[PDB]
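Step one of this worksheet: look at the structure below.
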Amino acid sequence: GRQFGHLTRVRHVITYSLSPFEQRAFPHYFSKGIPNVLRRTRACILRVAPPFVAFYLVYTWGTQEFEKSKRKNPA
Amino acid sequence: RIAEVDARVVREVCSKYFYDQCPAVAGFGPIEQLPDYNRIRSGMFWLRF
């Protein structure tokens, strides 16, 4: 397949990296991670939730109706 | 001082300063094929040793 050195052309970009034995693996896990999780939750709740809410309502209505239909009516 | 140096001294001093140490790397130019830092660091020891 493709190989490093033949992918594309890049100019004027500097990258600074630090050794893994020099830094923390969990530096701000809770102090920064939880706000970001809430951000992503807010960002996607309106896209994901309403379909499954519609499913939940159709599920409960259909089950209630099926339960009531099996019970007989006078006359 | 030079005459004192033999093979054993070289193996000990080199192991003291090279083996399983974190290097500093500087690259300039078309360096797309320059290996990732993790791969360079893994190159500083031998699983056979």
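Ordering of the structure tokens sets the chain letters (A, B, ...); residue numbers start at 1 within each chain; ligands are numbered from 1 in the order shown.
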
Original post:
Residues of chain A within 10 Å of chain B, using only C-alpha atoms, as a PyMOL selection string?
Top reply: chain A and resi 3-12+14-22

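One finds CA of residue 50 (chain A) at 25.8 Å from CA of residue 67 (chain A).
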
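When DSSP reads the backbone of this structure, the residues of chain B it assigns to helix (DSSP H, G or I) are residues 7, 8, 9, 10, 11, 12, 13, 14, 15, 16, 17, 37, 38, 39, 40, 41 and 42 of chain B.
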
Would you put the residues from that selection into a file with N, CA, C and O atoms, as a compact mmCIF listing (two decimals), in the first residue's frame?
# COMPACT_ATOMS: atom_id res chain seq x y z
N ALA B 7 37.24 -3.07 27.56
CA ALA B 7 35.90 -3.41 27.08
C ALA B 7 34.85 -3.34 28.18
O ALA B 7 33.73 -2.86 27.96
N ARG B 8 35.19 -3.82 29.38
CA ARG B 8 34.24 -3.81 30.49
C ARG B 8 33.82 -2.39 30.85
O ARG B 8 32.64 -2.12 31.10
N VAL B 9 34.79 -1.47 30.90
CA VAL B 9 34.49 -0.08 31.23
C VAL B 9 33.54 0.51 30.20
O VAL B 9 32.62 1.26 30.54
N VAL B 10 33.75 0.17 28.93
CA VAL B 10 32.90 0.69 27.87
C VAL B 10 31.49 0.14 27.97
O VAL B 10 30.51 0.88 27.82
N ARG B 11 31.35 -1.15 28.29
CA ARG B 11 30.01 -1.72 28.44
C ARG B 11 29.27 -1.09 29.61
O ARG B 11 28.10 -0.73 29.48
N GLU B 12 29.97 -0.81 30.71
CA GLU B 12 29.29 -0.24 31.87
C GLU B 12 28.93 1.22 31.62
O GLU B 12 27.81 1.64 31.95
N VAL B 13 29.83 2.00 31.04
CA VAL B 13 29.54 3.42 30.86
C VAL B 13 28.43 3.58 29.83
O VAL B 13 27.49 4.38 30.01
N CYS B 14 28.49 2.80 28.75
CA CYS B 14 27.46 2.93 27.72
C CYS B 14 26.12 2.49 28.27
O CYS B 14 25.10 3.12 27.98
N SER B 15 26.07 1.38 29.01
CA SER B 15 24.79 0.99 29.61
C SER B 15 24.28 2.07 30.55
O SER B 15 23.07 2.30 30.64
N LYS B 16 25.19 2.74 31.26
CA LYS B 16 24.78 3.78 32.21
C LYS B 16 24.11 4.96 31.52
O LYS B 16 23.15 5.52 32.06
N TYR B 17 24.58 5.34 30.32
CA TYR B 17 24.08 6.55 29.67
C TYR B 17 23.14 6.35 28.48
O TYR B 17 22.37 7.27 28.19
N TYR B 37 7.83 9.04 18.18
CA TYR B 37 8.66 9.06 19.38
C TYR B 37 8.60 7.75 20.14
O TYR B 37 9.61 7.30 20.69
N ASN B 38 7.42 7.15 20.24
CA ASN B 38 7.31 5.85 20.91
C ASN B 38 8.20 4.79 20.26
O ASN B 38 8.83 4.00 20.97
N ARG B 39 8.24 4.74 18.93
CA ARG B 39 9.09 3.77 18.25
C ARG B 39 10.58 4.05 18.48
O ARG B 39 11.37 3.12 18.69
N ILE B 40 10.98 5.32 18.48
CA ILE B 40 12.36 5.67 18.81
C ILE B 40 12.70 5.22 20.23
O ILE B 40 13.74 4.61 20.47
N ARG B 41 11.83 5.55 21.18
CA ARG B 41 12.05 5.16 22.57
C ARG B 41 12.13 3.65 22.73
O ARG B 41 12.96 3.14 23.49
N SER B 42 11.27 2.91 22.03
CA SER B 42 11.34 1.45 22.07
C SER B 42 12.63 0.93 21.45
O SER B 42 13.06 -0.18 21.78
